[PDB]
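Before any questions on binding or motion, here is one chain by itself as structure tokens, the form deposited in one PDB entry.
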């Protein structure tokens, strides 16, 4: 019997793929331990088949992380802090577990979020192999390793509509938005890349037919073996939700005609002005399409939830809720399109359920996902110039109703089929997973 320890980053878009992976590996016969912070912990009672061990922010909490905000853009400060100071505790916890191991039980490897770059030297020091889970795309990684070239050209220092030097796929505007903050994130980025290259293997939440153009860069830049597995095609992330689901939406979805509903959601951490929030609502109403709009409490700066919205303003066609089982909604027959912030989990979920998209973005990898999805794969329309009700209504109707958008709807259907075929024997994802299991078993 072989045990795998997995160590996620404690945010929704990082906990979801690592617990999907944990379940996949469990299905292949591995026992599973999850190392996790108390902060943003998932519901351990949803995982009776996993062992959870809480680390790094136990009582008494550190002056470095104590009273750090549990929500907002500053909650992420925990990441660099744990990278800089958690090595000794992580080693102690790994040793404790390796000591408590049953005689017939071996710890095969540690799998961490790529953001936990500090974990490589910890694993090395224990003669424990470390594999890395990337929670972003191969295309985004290709952009990462092109930063030096981008910097030479001055893209990173603030011709926007112009094609980038080595990315005809990208506009200079995309790169500026993606690396808008860079003196701040440059240091994290370099260390993550360096310790990913130094790892024993890299697992990508993707599939070959999704990012074929990006495979050679990964093979050339990362000496460790890479494995591409589209985790949403194996299972949804419902069990790792950090918020309660509103499942009353499914009775409502059951009252809608096929492909008639726009699903709208901007992920787990995004926030918008009161002004932009109201413009989005007017664009949705103006589209005349039915819509289901997830507005996470905290999404609107200065309001607990959705106070600025007039009572009944959404009217007949629209519903607003706080949180749903997103991939399950995307799989419902009523959904015709997905207005996304282009987070990678949401984008891959939509691809895997065959739902075409309208893209907004909040920086980081999101503009790159939106550009790649909209111009390379051609499964959506990118609202790349802010929020204006007219352009919003036109984009929604183009994807969902216009005859001119049929090719986008068809591309989304075909791309889902490619994902499905990739999981069949002889498919790319099937062979990646087979290779991953045999590789881990050889450690």
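Note that the rigid core is defined as the largest set of C-alphas that superpose within 1.5 Å between two forms. Positions refer to the first chain, counted from 1.
In terms of root mean square C-alpha deviation after superposing on the rigid core in 7 other deposited structures of this protein, the stretch standing farther out between 334-342 and 144-152 is 144-152. With 23-31 and 64-72 as candidates, the stretch whose CA atoms show the greater average offset from this form in 7 other deposited structures of this protein after a core fit is 64-72. Counting the deposited residues that fall between residue 158 and residue 159 and carry no coordinates gives a value of 4 to 9. For the pair 410-418 and 46-54, the mean B factor over Cα atoms is greater in 46-54. Here the stretch with the larger average CA B-factor, out of 380-388 and 32-40, is 380-388. In this structure the maximum Cα B-factor among 91, 197, 233, 144 is found at 144. Per the PDB entry, 310 shows the highest C-alpha temperature factor of the residues 310, 201, 336, 325.
Among the modelled residues of the chain, residue 240 sits in the lowest third by CA temperature factor in this PDB entry. Split the chain's modelled residues into thirds by C-alpha temperature factor. Residue 371 is in the middle one. Sorting the modelled residues of the chain by their CA temperature factor places residue 246 in the middle third. Per-chain ranking of the deposited C-alpha B factor places residue 172 in the highest third. Split the chain's modelled residues into thirds by C-alpha temperature factor. Residue 212 is in the middle one.
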